[PDB]
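Contents: one structure, followed by commentary.
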Amino acid sequence: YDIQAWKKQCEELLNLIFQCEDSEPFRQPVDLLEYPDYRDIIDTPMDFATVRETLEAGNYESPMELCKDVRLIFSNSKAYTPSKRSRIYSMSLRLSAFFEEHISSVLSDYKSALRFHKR
Ligand SMILES: O=C(NCC1CC1)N1CCN(C(=O)c2cccs2)CC1
């Protein structure tokens, strides 16, 4: 029922994601020189360094907000891909599965802890 525990749990999961070869394309904001149409296609670019910095700045209130930004990384890849068989897109789907598998307990514990706090 620790309502603060999500933050270190998210730091640890981000560390695992950064160790994962599949995160390579998503570690930093898209190179708009190599992809000059990218900002035509994608409204809000997001990457894992921006998520980590936002967390470490104390600018997430909840793991739901972090989860929304990580999901935006994956939806941006899905929107920008020219093919469902693209290398970068395919890396996004495996990394998304990994992230969802690990964030579910972080979300559940947080929401349980806040329900207990408000009981
Ligand atoms: O340039 C980068 N990222 C490099 C940065 C240093 C990490 N990316 C290109 C656009 N992206 C896509 O999702 C797709 C491309 C092809 C099909 S989808 C991911 C981000």
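Read the figures in this text as sums done on the coordinates, not as results from a lab. Ideal geometry is used to build each Cβ from the backbone, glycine not excepted, and the neighbour counts take in all protein chains shown.
Just a few scattered comments:
- Of all residues in region 99-114, exactly one satisfies the criterion of being buried (at least 16 other Cβ atoms within 10 Å of the Cβ) and closer than 20 Å to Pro25 by Cα, namely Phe99.
- Region 63-85 - residue that is assigned to a loop (DSSP other than H, G, I, E, B) and within 8 Å of the ligand (Cβ to nearest atom) and, of those, nearest to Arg52 (Cα to Cα): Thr81
- Region 86-114 - residue that is within 11 Å of the ligand (Cβ to nearest atom) and among the polar types (S, T, N, Q) and, of those, farthest from the chain's Cα centre (by Cα): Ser86
- Filter result (closer than 19 Å to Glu24 by Cβ, of a type in the set (A, V, I, L, M) and surrounded by 15 or more Cβ atoms within 10 Å (Cβ to Cβ)) within region 48-81: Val51, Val70, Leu72, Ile73
- When region 5-26 is filtered for residues that are within 15 Å of the ligand (Cβ to nearest atom), loosely packed, with under 14 Cβ neighbours inside 10 Å and more than 14 Å from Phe98 (Cα to Cα), only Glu24 remains.
- For first residues located in region 17-29 and at negative phi, partners that are aromatic (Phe, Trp, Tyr) and more than 7 Å from the ligand (Cβ to nearest atom) and lie 6+ apart or on another chain with Cβ distances below 7 Å form the pairs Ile17/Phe48; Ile17/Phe99; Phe18/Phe48; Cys20/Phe98; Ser23/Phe48; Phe26/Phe48; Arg27/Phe18; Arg27/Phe48.
- Residue in region 82-97 that is more than 20 Å from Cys20 (Cβ to Cβ) and either surrounded by 14 or more Cβ atoms within 10 Å (Cβ to Cβ) or of a type in the set (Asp, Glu) (or both) present: no
- Only one of the numbered conditions (1) within 25 Å of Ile88 (Cα to Cα); (2) away from the ligand (no atom under 13 Å from the Cβ); (3) within 16 Å of the chain's Cα centre (by Cα); (4) free of Cβ contacts under 8 Å to residues at least 24 places away in the same chain is violated by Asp43, and that is (3).
- Of all residues making up region 32-51, the number that are out of contact with any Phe, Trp or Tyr (no Cβ under 8 Å at 6 or more places or on another chain) and of a type outside the set (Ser, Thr, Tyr): 10
- For region 80-115, a residue qualifies if it is in contact with a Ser or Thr (Cβ under 6 Å, 6 or more places away or on another chain) and among the aromatic types (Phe, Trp, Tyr), and exactly one does: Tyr89.
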